[PDB]
Number of protein chains: 2
Amino acid sequence: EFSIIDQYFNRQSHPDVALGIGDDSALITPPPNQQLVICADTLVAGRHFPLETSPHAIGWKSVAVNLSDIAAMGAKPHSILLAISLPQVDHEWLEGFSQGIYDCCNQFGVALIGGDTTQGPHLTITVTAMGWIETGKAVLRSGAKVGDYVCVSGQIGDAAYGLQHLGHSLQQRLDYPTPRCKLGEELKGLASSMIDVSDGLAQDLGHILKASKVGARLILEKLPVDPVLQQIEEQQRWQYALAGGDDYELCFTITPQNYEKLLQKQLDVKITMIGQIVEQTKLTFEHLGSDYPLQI
Amino acid sequence: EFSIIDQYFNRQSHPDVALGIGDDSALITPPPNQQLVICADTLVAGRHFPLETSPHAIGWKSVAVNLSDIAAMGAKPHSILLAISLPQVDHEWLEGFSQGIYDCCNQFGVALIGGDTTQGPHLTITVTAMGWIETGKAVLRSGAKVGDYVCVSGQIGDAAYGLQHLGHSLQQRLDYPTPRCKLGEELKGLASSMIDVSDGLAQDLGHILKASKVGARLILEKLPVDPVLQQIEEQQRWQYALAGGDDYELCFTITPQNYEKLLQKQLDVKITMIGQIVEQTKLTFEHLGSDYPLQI
Ligand SMILES: Nc1ncnc2c1ncn2[C@@H]1O[C@H](COP(=O)(O)OP(=O)(O)NP(=O)(O)O)[C@@H](O)[C@H]1O
Ligand SMILES: Nc1ncnc2c1ncn2[C@@H]1O[C@H](COP(=O)(O)OP(=O)(O)NP(=O)(O)O)[C@@H](O)[C@H]1O
Ligand SMILES: [Cl-]
Ligand SMILES: [Cl-]
Ligand SMILES: [K+]
Ligand SMILES: [K+]
Ligand SMILES: [K+]
Ligand SMILES: [K+]
Ligand SMILES: [Mg+2]
Ligand SMILES: [Mg+2]
Ligand SMILES: [Mg+2]
Ligand SMILES: [Mg+2]
Ligand SMILES: [Mg+2]
Ligand SMILES: [Mg+2]
């Protein structure tokens, strides 16, 4: 177990880490005039990923889903803790898994600074992520105002389709979600509210609506879906997009004025306006310019 | 699961929390001139606690073992995240478990500011603890010097005895360890090195010896054991004390000069000098003034 840490999880720490792996706790010197942003998310084998998922993909997604919650605040990710409960000690598995962890960390300039390694009957992983943001400038789930656009990044429904069609190209969106870190940072001071879409667009937008004490009207034909989902029947397409989940895209609200400023930035991801915030505290849908009753 | 969070894990925190439970991440405004101290430890049902352990004790210990690693740095604890994987939703269990979480947090002035709640086949808990310490003043596992006293707080072996004698009063030490938070803070500026005894005195002192590139000679009859263990045959007594684990006491090294200073403080726990640091890089034992060969 102590050898497991040294063998797989003790790459040299960044110069930006006061004390990394090796002691009872890690130490971080805060950057000035910034708040600590902190979150944790658990992945349970067979629940948050198929049992047969490659160890590298498990490692990647364990980090990615937590970076997504830092990004959903408009913050910049800094470091993570890794808590893993393992049924067995398998070198090939541990090599792939740790490679997955570090590949995702390195993509986004994040340090692995600590954690815990235990034995347990079922593979269970909890990553804690830490980031920093200019004091007072976090993008909350509250903050959405009547007249704001509702927007979402990338595509929604991919991962859900992937889960139900394993082996299909869209499985890559299930196994390797992309946390939208740079977009989150670019939305600081532009977005009036934000959440990452981890459970499903309707449910997660719903948290914003409830927190902001507003409602929204979405346009079904504007939901950004993969060409593959564009070719399946409407009803199923919209279910994948609205209740699929595991997208790890950012859903946010923004004034038309700030939206124009957003579109003028160089962004590493697609942005789509899918509706607007309204006064009535309900989530409703529009299609071809008419009300569209829809149960999700 | 959203009902669970609201019903059991959403009490108002200390004023020192910029944003607590309810958003994608929590926000903390760092106190000036302090470093973030951060750790995580997992408890797996049946492994880190007997399956029949009361939910209140499970909640208490989940927090306590993590406050212990904050204390082991000399730092002051501030807040925790709670990640729980639950096989079933049981109201009586959740009431007891959450009461245990909050009882430990409240005793030590700690806020529960976030976490994750999931379904899984086996009860698994990971708490992340966050604390703060004056920049540069952490007590590391490195730093022990030849001639330094080796010391330990409280009693060692209680929890291990309790585990093997479930039903005995010493089970209290297994179920309800006390993190030595105030002692940890009082050892800032005095201890030359420190670790908390979670795995066993010999093993955990061993991490200090390895990090400091020194050895130690312990005096077996000076080990602080319960009167109950004083009545056991000495070999088994010393095995509980040196290899029992789950003590969550602090083991630290300290100059004779600084030990005198320590004893002048008003402390909330027993402190015992049990040996001293030596040049040769080995852990050895002495009994009644003679070398005492002992395998842990
Ligand atoms: N999977 C992991 N990834 C990264 N760091 C880890 C991991 N597991 C453990 N660590 C780090 O390795 C060091 C030793 O960990 P550990 O033995 O769990 O310390 P501890 O909490 O003080 N003891 P214990 O309470 O018995 O678990 C610490 O600095 C941990 O933060
Ligand atoms: N057991 C818990 N104790 C304390 N806070 C919790 C707990 N579970 C969840 N929370 C908090 O409750 C809020 C909602 O949690 P959660 O639904 O897990 O958010 P999320 O990470 O954005 N979504 P997801 O990735 O699907 O898990 C967050 O502010 C969490 O930090
Ligand atoms: Cl273990
Ligand atoms: Cl779940
Ligand atoms: K730790
Ligand atoms: K947010
Ligand atoms: K979260
Ligand atoms: K330490
Ligand atoms: Mg420790
Ligand atoms: Mg999340
Ligand atoms: Mg640990
Ligand atoms: Mg989220
Ligand atoms: Mg520990
Ligand atoms: Mg979560």
# chains A, B, ... in the order shown; residues from 1 in each chain; ligands from 1
>>> closest_atom_pairs(of="chain B", to="ligand 9", cutoff="7 Å", atoms="only C-alpha atoms and all ligand atoms", output="Markdown table")
| residue | atom | partner | partner_atom_place_in_ligand_line | distance |
| --- | --- | --- | --- | --- |
| B:68 | CA | ligand 9 | 1 (Mg) | 6.9 |
| B:69 | CA | ligand 9 | 1 (Mg) | 4.7 |
| B:72 | CA | ligand 9 | 1 (Mg) | 6.6 |
| B:195 | CA | ligand 9 | 1 (Mg) | 5.7 |
| B:196 | CA | ligand 9 | 1 (Mg) | 4.8 |
| B:197 | CA | ligand 9 | 1 (Mg) | 6.7 |
| B:198 | CA | ligand 9 | 1 (Mg) | 6.3 |
>>> calpha_fit_rmsd(fixed="chain A", moving="chain B")
0.3 Å
>>> residues_near_ligand(ligand="ligand 7", cutoff="7 Å", atoms="only C-alpha atoms and all ligand atoms", output="list in words")
residues 39, 40, 41, 66 and 69 of chain A; 24, 25, 115 and 116 of chain B
>>> write_last_selection(atoms="C-alpha atoms", output="mmCIF file, in the first residue's frame")
data_model
loop_
_atom_site.group_PDB
_atom_site.id
_atom_site.type_symbol
_atom_site.label_atom_id
_atom_site.label_comp_id
_atom_site.auth_asym_id
_atom_site.auth_seq_id
_atom_site.Cartn_x
_atom_site.Cartn_y
_atom_site.Cartn_z
ATOM 1 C CA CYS A 39 -15.244 20.104 -4.389
ATOM 2 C CA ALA A 40 -15.353 16.296 -4.268
ATOM 3 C CA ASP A 41 -17.109 13.645 -6.350
ATOM 4 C CA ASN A 66 -14.079 17.066 -10.428
ATOM 5 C CA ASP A 69 -17.139 21.426 -10.788
ATOM 6 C CA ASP B 24 -20.858 23.035 -7.538
ATOM 7 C CA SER B 25 -17.942 23.893 -5.216
ATOM 8 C CA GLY B 115 -19.270 16.690 -0.328
ATOM 9 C CA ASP B 116 -20.932 14.042 -2.470
#
>>> residues_around(residues="range 263-280 of chain B", least_positions_apart="4", cutoff="6 Å", atoms="only C-alpha atoms", output="list in words")
residues 146, 147, 148, 149, 150, 151, 152, 153, 154, 214, 215, 216, 217, 218, 219, 222 and 223 of chain B
>>> write_last_selection(atoms="C-alpha atoms", output="short mmCIF file (atom, residue, chain, number, x, y, z; two decimals), in the first residue's frame")
data_model
loop_
_atom_site.label_atom_id
_atom_site.label_comp_id
_atom_site.auth_asym_id
_atom_site.auth_seq_id
_atom_site.Cartn_x
_atom_site.Cartn_y
_atom_site.Cartn_z
CA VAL B 146 19.95 12.92 17.17
CA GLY B 147 19.37 13.53 20.89
CA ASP B 148 15.74 14.60 20.50
CA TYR B 149 13.19 13.00 22.82
CA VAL B 150 10.58 10.71 21.28
CA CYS B 151 7.17 11.42 22.85
CA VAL B 152 3.58 10.29 22.47
CA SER B 153 0.30 11.73 23.73
CA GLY B 154 -2.43 9.90 25.63
CA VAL B 214 17.74 8.80 11.98
CA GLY B 215 16.84 5.92 14.30
CA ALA B 216 15.33 5.61 17.76
CA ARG B 217 15.67 3.63 20.94
CA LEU B 218 12.40 3.19 22.84
CA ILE B 219 12.04 2.20 26.48
CA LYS B 222 7.76 3.82 29.54
CA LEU B 223 5.10 3.23 26.86
#
>>> residues_near_ligand(ligand="ligand 3", cutoff="8 Å", atoms="only C-alpha atoms and all ligand atoms", output="ChimeraX atom specification")
/A:1,85,117-120 /B:44,47-48
>>> decode(residues="range 107-253 of chain A", atoms="C-alpha atoms", output="PDB file, in the first residue's frame")
ATOM      1  CA  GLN A 107      -3.741  18.348 -19.703  1.00  0.00           C
ATOM      2  CA  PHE A 108      -5.103  20.999 -17.334  1.00  0.00           C
ATOM      3  CA  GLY A 109      -1.976  21.915 -15.380  1.00  0.00           C
ATOM      4  CA  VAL A 110      -3.150  20.314 -12.144  1.00  0.00           C
ATOM      5  CA  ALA A 111      -0.998  18.745  -9.406  1.00  0.00           C
ATOM      6  CA  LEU A 112      -1.726  15.516  -7.513  1.00  0.00           C
ATOM      7  CA  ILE A 113      -0.722  16.472  -3.952  1.00  0.00           C
ATOM      8  CA  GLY A 114      -2.217  13.825  -1.673  1.00  0.00           C
ATOM      9  CA  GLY A 115      -4.825  11.186  -1.011  1.00  0.00           C
ATOM     10  CA  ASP A 116      -5.513   7.846   0.620  1.00  0.00           C
ATOM     11  CA  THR A 117      -5.134   4.278  -0.599  1.00  0.00           C
ATOM     12  CA  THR A 118      -7.226   1.535   0.971  1.00  0.00           C
ATOM     13  CA  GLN A 119      -8.409  -1.995   0.358  1.00  0.00           C
ATOM     14  CA  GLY A 120     -12.144  -2.597   0.026  1.00  0.00           C
ATOM     15  CA  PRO A 121     -14.558  -5.065  -1.573  1.00  0.00           C
ATOM     16  CA  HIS A 122     -15.677  -2.736  -4.376  1.00  0.00           C
ATOM     17  CA  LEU A 123     -13.754  -0.249  -6.532  1.00  0.00           C
ATOM     18  CA  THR A 124     -14.650   3.222  -5.262  1.00  0.00           C
ATOM     19  CA  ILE A 125     -12.812   6.455  -6.115  1.00  0.00           C
ATOM     20  CA  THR A 126     -13.268   9.903  -4.577  1.00  0.00           C
ATOM     21  CA  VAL A 127     -11.230  12.803  -5.946  1.00  0.00           C
ATOM     22  CA  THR A 128     -11.145  16.198  -4.210  1.00  0.00           C
ATOM     23  CA  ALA A 129     -10.337  19.151  -6.498  1.00  0.00           C
ATOM     24  CA  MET A 130      -8.978  22.541  -5.462  1.00  0.00           C
ATOM     25  CA  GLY A 131      -8.933  25.753  -7.480  1.00  0.00           C
ATOM     26  CA  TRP A 132      -8.552  29.495  -7.017  1.00  0.00           C
ATOM     27  CA  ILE A 133     -10.650  32.445  -8.134  1.00  0.00           C
ATOM     28  CA  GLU A 134     -10.466  36.229  -7.855  1.00  0.00           C
ATOM     29  CA  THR A 135     -12.208  37.113  -4.575  1.00  0.00           C
ATOM     30  CA  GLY A 136     -15.956  37.609  -4.973  1.00  0.00           C
ATOM     31  CA  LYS A 137     -16.065  36.655  -8.636  1.00  0.00           C
ATOM     32  CA  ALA A 138     -17.377  33.064  -8.520  1.00  0.00           C
ATOM     33  CA  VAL A 139     -20.268  32.200 -10.810  1.00  0.00           C
ATOM     34  CA  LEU A 140     -23.047  30.819  -8.635  1.00  0.00           C
ATOM     35  CA  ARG A 141     -26.123  28.759  -9.447  1.00  0.00           C
ATOM     36  CA  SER A 142     -28.047  31.756  -8.227  1.00  0.00           C
ATOM     37  CA  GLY A 143     -27.725  34.932 -10.243  1.00  0.00           C
ATOM     38  CA  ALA A 144     -29.825  34.138 -13.306  1.00  0.00           C
ATOM     39  CA  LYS A 145     -32.119  37.059 -14.238  1.00  0.00           C
ATOM     40  CA  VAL A 146     -35.263  37.359 -16.391  1.00  0.00           C
ATOM     41  CA  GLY A 147     -34.213  38.019 -19.981  1.00  0.00           C
ATOM     42  CA  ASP A 148     -30.852  36.231 -19.726  1.00  0.00           C
ATOM     43  CA  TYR A 149     -30.001  33.716 -22.447  1.00  0.00           C
ATOM     44  CA  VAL A 150     -29.660  30.057 -21.492  1.00  0.00           C
ATOM     45  CA  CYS A 151     -26.558  28.549 -23.141  1.00  0.00           C
ATOM     46  CA  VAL A 152     -24.696  25.250 -23.109  1.00  0.00           C
ATOM     47  CA  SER A 153     -21.245  24.289 -24.320  1.00  0.00           C
ATOM     48  CA  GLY A 154     -20.347  21.492 -26.716  1.00  0.00           C
ATOM     49  CA  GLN A 155     -22.884  18.732 -27.320  1.00  0.00           C
ATOM     50  CA  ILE A 156     -25.398  17.104 -25.002  1.00  0.00           C
ATOM     51  CA  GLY A 157     -26.646  13.527 -25.118  1.00  0.00           C
ATOM     52  CA  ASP A 158     -23.394  12.015 -26.461  1.00  0.00           C
ATOM     53  CA  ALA A 159     -22.395  10.117 -23.308  1.00  0.00           C
ATOM     54  CA  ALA A 160     -25.888   8.767 -22.750  1.00  0.00           C
ATOM     55  CA  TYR A 161     -26.061   7.464 -26.313  1.00  0.00           C
ATOM     56  CA  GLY A 162     -22.599   5.990 -25.778  1.00  0.00           C
ATOM     57  CA  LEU A 163     -23.654   4.123 -22.653  1.00  0.00           C
ATOM     58  CA  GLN A 164     -26.555   2.535 -24.545  1.00  0.00           C
ATOM     59  CA  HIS A 165     -24.362   1.713 -27.554  1.00  0.00           C
ATOM     60  CA  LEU A 166     -21.050   0.522 -26.147  1.00  0.00           C
ATOM     61  CA  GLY A 167     -18.392   0.222 -28.851  1.00  0.00           C
ATOM     62  CA  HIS A 168     -19.885   3.124 -30.771  1.00  0.00           C
ATOM     63  CA  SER A 169     -17.645   6.143 -31.333  1.00  0.00           C
ATOM     64  CA  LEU A 170     -19.768   8.156 -28.857  1.00  0.00           C
ATOM     65  CA  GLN A 171     -18.589   5.865 -26.048  1.00  0.00           C
ATOM     66  CA  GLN A 172     -15.544   8.170 -26.079  1.00  0.00           C
ATOM     67  CA  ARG A 173     -17.752  10.917 -24.653  1.00  0.00           C
ATOM     68  CA  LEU A 174     -18.850   8.594 -21.844  1.00  0.00           C
ATOM     69  CA  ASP A 175     -15.348   7.369 -21.028  1.00  0.00           C
ATOM     70  CA  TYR A 176     -13.467  10.606 -21.702  1.00  0.00           C
ATOM     71  CA  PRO A 177     -15.622  13.664 -20.910  1.00  0.00           C
ATOM     72  CA  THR A 178     -13.831  16.966 -21.410  1.00  0.00           C
ATOM     73  CA  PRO A 179     -13.952  19.352 -18.470  1.00  0.00           C
ATOM     74  CA  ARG A 180     -14.454  22.823 -19.930  1.00  0.00           C
ATOM     75  CA  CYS A 181     -11.803  24.496 -17.840  1.00  0.00           C
ATOM     76  CA  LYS A 182     -10.810  27.380 -20.094  1.00  0.00           C
ATOM     77  CA  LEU A 183     -14.446  28.208 -20.895  1.00  0.00           C
ATOM     78  CA  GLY A 184     -15.251  28.287 -17.177  1.00  0.00           C
ATOM     79  CA  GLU A 185     -12.475  30.838 -16.686  1.00  0.00           C
ATOM     80  CA  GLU A 186     -13.643  32.904 -19.653  1.00  0.00           C
ATOM     81  CA  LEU A 187     -17.165  33.022 -18.176  1.00  0.00           C
ATOM     82  CA  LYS A 188     -15.976  34.636 -14.946  1.00  0.00           C
ATOM     83  CA  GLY A 189     -17.555  38.098 -14.976  1.00  0.00           C
ATOM     84  CA  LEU A 190     -19.722  37.289 -18.006  1.00  0.00           C
ATOM     85  CA  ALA A 191     -22.090  34.502 -16.928  1.00  0.00           C
ATOM     86  CA  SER A 192     -24.864  35.471 -14.505  1.00  0.00           C
ATOM     87  CA  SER A 193     -25.197  31.837 -13.359  1.00  0.00           C
ATOM     88  CA  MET A 194     -23.602  28.464 -14.197  1.00  0.00           C
ATOM     89  CA  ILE A 195     -23.701  24.711 -13.499  1.00  0.00           C
ATOM     90  CA  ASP A 196     -21.945  21.743 -15.093  1.00  0.00           C
ATOM     91  CA  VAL A 197     -24.238  19.176 -16.700  1.00  0.00           C
ATOM     92  CA  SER A 198     -23.319  16.003 -14.831  1.00  0.00           C
ATOM     93  CA  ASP A 199     -26.781  14.518 -14.324  1.00  0.00           C
ATOM     94  CA  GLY A 200     -28.784  15.906 -17.242  1.00  0.00           C
ATOM     95  CA  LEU A 201     -29.521  19.275 -18.859  1.00  0.00           C
ATOM     96  CA  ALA A 202     -33.095  19.604 -17.519  1.00  0.00           C
ATOM     97  CA  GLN A 203     -32.287  18.504 -13.972  1.00  0.00           C
ATOM     98  CA  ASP A 204     -29.108  20.599 -13.774  1.00  0.00           C
ATOM     99  CA  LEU A 205     -30.585  23.726 -15.382  1.00  0.00           C
ATOM    100  CA  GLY A 206     -33.362  23.121 -12.825  1.00  0.00           C
ATOM    101  CA  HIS A 207     -30.909  23.736  -9.974  1.00  0.00           C
ATOM    102  CA  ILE A 208     -30.145  27.158 -11.450  1.00  0.00           C
ATOM    103  CA  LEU A 209     -33.839  27.968 -11.846  1.00  0.00           C
ATOM    104  CA  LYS A 210     -34.575  27.014  -8.241  1.00  0.00           C
ATOM    105  CA  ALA A 211     -31.539  28.839  -6.854  1.00  0.00           C
ATOM    106  CA  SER A 212     -32.331  31.961  -8.912  1.00  0.00           C
ATOM    107  CA  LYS A 213     -36.112  31.841  -8.324  1.00  0.00           C
ATOM    108  CA  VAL A 214     -36.787  32.083 -12.076  1.00  0.00           C
ATOM    109  CA  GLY A 215     -37.868  29.800 -14.907  1.00  0.00           C
ATOM    110  CA  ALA A 216     -36.763  29.035 -18.462  1.00  0.00           C
ATOM    111  CA  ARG A 217     -38.134  28.351 -21.927  1.00  0.00           C
ATOM    112  CA  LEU A 218     -35.924  26.113 -24.088  1.00  0.00           C
ATOM    113  CA  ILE A 219     -36.062  25.634 -27.843  1.00  0.00           C
ATOM    114  CA  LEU A 220     -35.890  21.927 -28.622  1.00  0.00           C
ATOM    115  CA  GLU A 221     -34.487  22.236 -32.155  1.00  0.00           C
ATOM    116  CA  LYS A 222     -31.627  24.395 -30.827  1.00  0.00           C
ATOM    117  CA  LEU A 223     -30.267  21.770 -28.415  1.00  0.00           C
ATOM    118  CA  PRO A 224     -26.750  20.911 -29.663  1.00  0.00           C
ATOM    119  CA  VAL A 225     -26.652  17.194 -30.469  1.00  0.00           C
ATOM    120  CA  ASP A 226     -24.280  14.969 -32.413  1.00  0.00           C
ATOM    121  CA  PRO A 227     -25.073  14.315 -36.097  1.00  0.00           C
ATOM    122  CA  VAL A 228     -25.740  10.713 -34.977  1.00  0.00           C
ATOM    123  CA  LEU A 229     -28.545  11.895 -32.679  1.00  0.00           C
ATOM    124  CA  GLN A 230     -29.761  14.243 -35.432  1.00  0.00           C
ATOM    125  CA  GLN A 231     -30.575  11.094 -37.410  1.00  0.00           C
ATOM    126  CA  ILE A 232     -32.576   9.279 -34.707  1.00  0.00           C
ATOM    127  CA  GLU A 233     -36.275   9.920 -33.968  1.00  0.00           C
ATOM    128  CA  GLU A 234     -37.071  13.292 -32.369  1.00  0.00           C
ATOM    129  CA  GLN A 235     -38.489  11.973 -29.093  1.00  0.00           C
ATOM    130  CA  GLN A 236     -35.445   9.853 -28.245  1.00  0.00           C
ATOM    131  CA  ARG A 237     -33.053  12.568 -29.415  1.00  0.00           C
ATOM    132  CA  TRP A 238     -34.579  15.078 -27.026  1.00  0.00           C
ATOM    133  CA  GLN A 239     -34.584  12.557 -24.151  1.00  0.00           C
ATOM    134  CA  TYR A 240     -30.866  11.903 -24.634  1.00  0.00           C
ATOM    135  CA  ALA A 241     -30.148  15.623 -24.752  1.00  0.00           C
ATOM    136  CA  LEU A 242     -32.326  16.632 -21.795  1.00  0.00           C
ATOM    137  CA  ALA A 243     -32.004  13.657 -19.401  1.00  0.00           C
ATOM    138  CA  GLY A 244     -28.929  11.818 -20.639  1.00  0.00           C
ATOM    139  CA  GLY A 245     -26.338  13.225 -18.262  1.00  0.00           C
ATOM    140  CA  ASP A 246     -22.605  12.580 -17.913  1.00  0.00           C
ATOM    141  CA  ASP A 247     -22.132  15.350 -20.493  1.00  0.00           C
ATOM    142  CA  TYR A 248     -19.856  17.486 -18.280  1.00  0.00           C
ATOM    143  CA  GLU A 249     -20.644  20.523 -20.396  1.00  0.00           C
ATOM    144  CA  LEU A 250     -21.295  23.940 -18.864  1.00  0.00           C
ATOM    145  CA  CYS A 251     -24.830  25.329 -18.784  1.00  0.00           C
ATOM    146  CA  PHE A 252     -24.919  29.057 -18.071  1.00  0.00           C
ATOM    147  CA  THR A 253     -27.023  32.190 -18.232  1.00  0.00           C
TER     148      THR A 253
END
